[PDB]
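For reference, the chain that follows is the form deposited in one PDB entry, supplied as structure tokens.
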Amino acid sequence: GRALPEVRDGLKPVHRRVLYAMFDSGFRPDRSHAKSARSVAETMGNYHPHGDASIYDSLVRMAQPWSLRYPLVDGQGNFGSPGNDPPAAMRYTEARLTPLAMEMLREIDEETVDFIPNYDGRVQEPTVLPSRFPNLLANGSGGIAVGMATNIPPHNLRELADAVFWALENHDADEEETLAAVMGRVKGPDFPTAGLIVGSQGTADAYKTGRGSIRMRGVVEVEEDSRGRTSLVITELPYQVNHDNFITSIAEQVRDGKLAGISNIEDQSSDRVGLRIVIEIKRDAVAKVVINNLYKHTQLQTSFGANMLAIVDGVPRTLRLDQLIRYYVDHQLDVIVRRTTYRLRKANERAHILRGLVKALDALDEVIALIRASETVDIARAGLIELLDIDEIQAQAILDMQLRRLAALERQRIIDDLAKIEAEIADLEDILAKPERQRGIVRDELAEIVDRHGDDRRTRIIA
């Protein structure tokens, strides 16, 4: 629960609450970053009333591009590093949502997801987010650390979308056919940290059964010195491997007598060259041999023990890739049907009011004279109901019209708005009647998201 992500939006409660607090506060991509204290405070006051570290820790982690394949928070200031640099405190950093987090929250105010009372019953909070891209698979959940209850790897948005589009179009396909199609499209995890996946079996096992051992490796380049001395240069590391602990481990293995080929270690990493750990080897040593000993004795090679465990309708389940994709598609179709239902109800309310306003415009001299002749507002309201054959809510809307609405252009705007809303109502009715339009909406809206925010695969796969 606090341990396991919801299958539909890939979130656990503290992360969902932070993102909803930010959204409700207006901390969007198109406005200046807000002090992080503000997002922490809003979350603490309304959703998570504890002064524990988890709120700000969640905000920070969601801002780190080495941590999330698709960051949900856009941080400004010191949010730490892939090594042991601590993040600054919340009064020294700033944060707002990223554009993709805006897609997690899109149209959440249109009754697209169930809300329930918060801890003190004073406000509602969402049980799940609309999640207009497949966040669980895109950003993953848990980790390689011992004690993680789940370990779902991140994936490439464009590949996931191909699988989602396939499952949408092929809505009659059985589980076997769906699993083969989505496994053809999702090549394997795609970590924010790039690196390599070596072998095919662990990935297949993970997708077919919900568990598999996926061998990851970093990347080593070989450089020559003038004095004839060759060095190995590590430029990428496996997902969740701490850069400082890795550097430290090499030193320590060297002392403990492993890694006898190594004469020197220097961290040359920087903002411009990225990760660049330079390992000089002895003139007697073979580069290729030293690299293999690094795989053995350090996290330059480490296994990702995939465990695709998520909550589905309140129950933890270990899921195959076809199930992760299909439950996500079911959620998107639910969000679309709910959004269209909401829009239709609001359009009908608006049309009802505009019909009354248009009746008033058609009888404007009489309406104005009736209101001026009425001794009180209640007498005018009653008089309007009789004159125009309208109900209380329509009459109140006439009485609430401002004199500015009577300028010719504004009268026409009311007429035009009624025609427009009746066309909108017709369209929304049609979407509700046609599952093919509903599937088409998920497809088109996700395609636009992927066209704008999709990116290249970073992790290379070696069978």
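All residue numbers refer to positions in the sequence shown, first residue = 1. Between two forms, the rigid core is the largest collection of C-alphas that superpose within 1.5 Å.
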For this session: Report the stretch with the higher mean CA temperature factor, choosing between 187-195 and 84-92 on the basis of the entry.
Result: 84-92
For this session: Report the stretch with the higher mean CA temperature factor, choosing between 151-159 and 342-350 on the basis of the entry.
Result: 342-350
Seminar exercise, completed: Per the deposited entry, the peak Cα B-factor within the set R320, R132, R229, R326 goes to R229
For this session: Just grab whichever of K208, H331, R106, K258 has the top CA B-factor as deposited.
Result: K258
Problem set entry | Cα B factor band for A380 (lowest, middle or highest third within the chain) | middle
For this session: Give the position of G202 by CA B-factor within its chain, expressed as the lowest, middle or highest third.
Result: lowest
Seminar exercise, completed: Temperature factor at the Cα of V40, chain-ranked in thirds, falls in the lowest
Problem set entry | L97 - which third its CA temperature factor falls in, relative to the rest of the chain | lowest
Seminar exercise, completed: So, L59's CA B-factor, relative to its chain, sits in which third? The lowest
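One more form of this protein should be noted, the form deposited in another entry, which is absent from this view; the next part is about it.
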Seminar exercise, completed: Among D114, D284, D362, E349, the C-alpha that moves by 2 angstroms or more between this form and the one not shown, rigid core fixed, is that of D362
Exercise. Is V146 one of the residues whose Cα moves 2 Å or more between this form and the one not shown, with the core superposed?
Worked result: yes
Problem set entry | Shift of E410 between this form and the one not shown at or above 2 Å (CA, core fit) | yes
Problem set entry | Rigid core superposition, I371 Cα moves 2 angstroms or more between this form and the one not shown | yes
Exercise. Which way does the C-alpha gap of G80 and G147 go in that other deposited form, closer or farther, given it changes by 3 angstroms or more?
Worked result: farther
For this session: Say whether the C-alpha atoms of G143 and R317 sit closer together or farther apart in that other deposited form than in the form shown here, given that their separation changes by 3 Å or more.
Result: closer
